[PDB]
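K.L.:
So the first sequence is numbered by the entry's author numbering: it starts at 147 and just counts up by one. Here a beta-carbon is modelled for each residue, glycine too, at the ideal position from N, C-alpha and C. First the structure, then my questions, so here it is.
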Amino acid sequence: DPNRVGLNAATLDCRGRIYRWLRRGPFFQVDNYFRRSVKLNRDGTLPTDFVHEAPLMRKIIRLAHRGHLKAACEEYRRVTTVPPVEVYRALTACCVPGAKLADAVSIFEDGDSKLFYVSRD
RNA sequence: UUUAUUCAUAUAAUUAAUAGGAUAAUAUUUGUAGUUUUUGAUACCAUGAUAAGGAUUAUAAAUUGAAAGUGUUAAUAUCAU
C-alpha cells in the first residue's frame, strides 16, 4: 500500500491533553510513531515488505556484499521500516572476513529483540 | 525639539476527561466511553501602626572583646458568613 503511507498527528486542544502532554514518558513521540507504524501482520509475516524503503535495502545489501561495512552502517541509520533478514545476513557476512565480532553482535542485537526477531535467523 | 512610562482612540483572544507498546506464556485497541460540563457571595466586628515618659549593673588594668536584659499615658484607626 504505497498510497496510504503516512501518519496523522494531534493538536493538543483541551487542558487535559496539555496535562497528558506534560505527563508523558521520556519516549512518547518516537514510541507512538513506531507503534502506529509497522507491526506484525494478521497472518504472522513481518512488515518488511515496504515499497518506499525498498531500494535502500538493495543499496545496503549491495554495499555489504562489496565489503563496505561503514557505508552500509551509515545507510542502515537512515531506515524507517523494519529491514529484511537479507540486510542482517549481508552485514554479518561483511563482518566475517575482518573478524569484527563486536559489530556483528551489535548488528544481531539491534534486530534481535527490538525489531520483531528479524536477525534471529 | 526627539524619546522610557503615563494617557486617548482603534482590539485580538474563549472553555471542558482518562488511556500502560522490545528483551513480560499469547485479549489488535483506542476520534472510545462526556454533555443542560467548572471559571459566581468584596462586606462597615471589637484590628494595628505613632509619639511620650522608668528603673538595674560597672570599686577589675585582665581580656580579641567590661555590655546587656525588664514597666506606664494621649491622639489616629478598625468594611471578611
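CB-CB under 7 Å to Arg266, same chain, minus the five flanking residues each way: which ones, in chain order?
P.N.:
So the list reads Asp258, once near-sequence residues are dropped.
K.L.:
How should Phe196 be labelled, buried or exposed, when 16 other C-beta atoms within 10 angstroms of its C-beta is the threshold for buried?
P.N.:
Buried.
K.L.:
Do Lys205 and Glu221 have their C-beta atoms within less than 7 Å of each other?
P.N.:
For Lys205 and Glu221, yes; Cβs fall inside 7 Å.
K.L.:
Are three or more beta carbon pairs between the stretch 158-166 and the stretch 227-238 nearer than 8 Å?
P.N.:
Contact fails: fewer than three Cβ-Cβ distances are below 8 Å.
K.L.:
Counting Cβ pairs closer than 8 Å, one from the stretch 163-177 and one from the stretch 208-223, do we hit at least three?
P.N.:
Because the criterion of three Cβ pairs below 8 Å is not met, the stretch 163-177 and the stretch 208-223 do not touch.
K.L.:
Could you give the first and the last residue of the continuous alpha helix (DSSP H) run that contains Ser252?
P.N.:
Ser252 -> alpha helix (DSSP H) spans 247-258.
K.L.:
Here's the rule: buried if 16 or more other CB atoms are within 10 angstroms of the residue's CB, otherwise exposed. What is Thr191?
P.N.:
That one is exposed.
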